[PDB]
Amino acid sequence: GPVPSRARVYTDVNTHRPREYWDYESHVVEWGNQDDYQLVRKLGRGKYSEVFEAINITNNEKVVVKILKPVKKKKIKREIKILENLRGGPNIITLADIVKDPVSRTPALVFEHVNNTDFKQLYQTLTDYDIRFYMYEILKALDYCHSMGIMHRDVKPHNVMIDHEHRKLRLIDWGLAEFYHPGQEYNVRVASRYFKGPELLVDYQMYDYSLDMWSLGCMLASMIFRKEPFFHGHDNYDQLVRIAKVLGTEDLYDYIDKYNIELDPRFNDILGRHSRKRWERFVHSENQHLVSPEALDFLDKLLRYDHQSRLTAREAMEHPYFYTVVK
Ligand SMILES: C#Cc1cccc(Nc2nc3cc(C(=O)O)ccc3c3cncnc23)c1
């Protein structure tokens, strides 16, 4: 079968935590008072919930309320336990309360409110400095959650809320996050298409924190090159082909061969042969001010087929790309 894999860092975090920490199915939710919060306006809904701006009438503060759809009850305590485990961590959104909504008959998560500028608008204006600065803030959040034995699995621009005024960043929507246990096989149906790691795309289930680092690399490439999303596939198969047109097919084969993985035969007549490209090819007069040798080398070290070969969050923070960011 497949060759097994282990995270190269934080491998045994959960192994030596108490069972209460990671056994989320045993978690007992501490309920707050649903009457404390008044819905103000609907912000949107995903496949799993509806999110509302609201006011906390005990202090008149703005908050956000995420009313979970009655689907996949297991996921509910997973997301709750992960938020409580990570609460107070750098740049991790704060879960302020949990209440039972009387209409949906489901849990409603109450989060801190972030006065953000949507990425579709924000990304048009980021400077070279802004991108390094915010990348560094994202890494703080990822090193934190990885060091706490959790992978996010849904890193994408929408989940990185940024108040550009106060230069405040929060990593949100831990609804796809999971505990990392060495040797555990996970569902590959996670992340948004454009940010799915090659591991998910070739059906390799024994992945780990390094998945987030691929997603981060996709974000970075979209920011420095001003092309969002960068790998813009039409479906999960074309997504891998798009990647292979940049990283090349030989290193893809090396990857699947290392883990003795077999490509879906559907790729037989769509994958072709492709050389690995140099990142400079994506540079032009409209994004060159965002690009530097340090940026390209950092990106290159994030976007690797082999999950074991990508920079960890901690290593990424040590990269020359961030020397110019004020600490
Ligand atoms: C569905 C939807 C939808 C569509 C557009 C905008 C938003 N806005 C916000 N979503 C959040 C989600 C979470 C979470 O899921 O952990 C935490 C905090 C926020 C948040 C905080 N502050 C301001 N806005 C949001 C949501």
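Counting starts with 1 at the first residue shown.
The header says X-ray crystallography, 1.9 Å.
The backbone N, Cα and C atoms fix where each Cβ goes, and this holds for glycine too.
Swiss-Prot has this to say about the protein:
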ACT_SITE  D154  active site, proton acceptor
BINDING   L43, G44, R45, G46, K47, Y48, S49, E50, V51, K66  ATP binding site
DOMAIN    37-322  domain 'Protein kinase'
REGION    34-39  region 'Interaction with beta subunit'
Cα-Cα, whole number of Å: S49 (ATP binding site) versus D154 (active site, proton acceptor)? 15
Please work out which residue of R45, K47 has the most C-beta neighbours within 10 angstroms of its C-beta, and give that one of the binding-site residues. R45
Across all protein chains shown, the one of the binding-site residues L43, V51 with the most other Cβ atoms within 10 Å of its Cβ is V51
Under DSSP, the region 'Interaction with beta subunit' (34-39) has how many residues in helix, strand and coil? 3 helix, 3 strand, 0 coil
Whole-number Å value for how far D154 (active site, proton acceptor) lies from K47 (ATP binding site) (Cα to Cα): 13
Among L43, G44, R45, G46, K47, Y48, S49, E50, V51, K66, which the record lists as binding ATP, the farthest-apart pair of C-alpha atoms sits at a distance in angstrom of 14
Additional residues around ATP, ordered along the sequence, whose Cβ is within 8 Å of the centroid of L43, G44, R45, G46, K47, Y48, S49, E50, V51, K66: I67, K69
I'd like to know which of the recorded positions listed (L43, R45, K47, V51, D154) lie near ligand 1, counting only a CB under 6 Å away. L43, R45, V51
Measure the Cβ-based neighbour count of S49 (ATP binding site), defined as the other Cβ atoms within 10 Å of its Cβ. 22
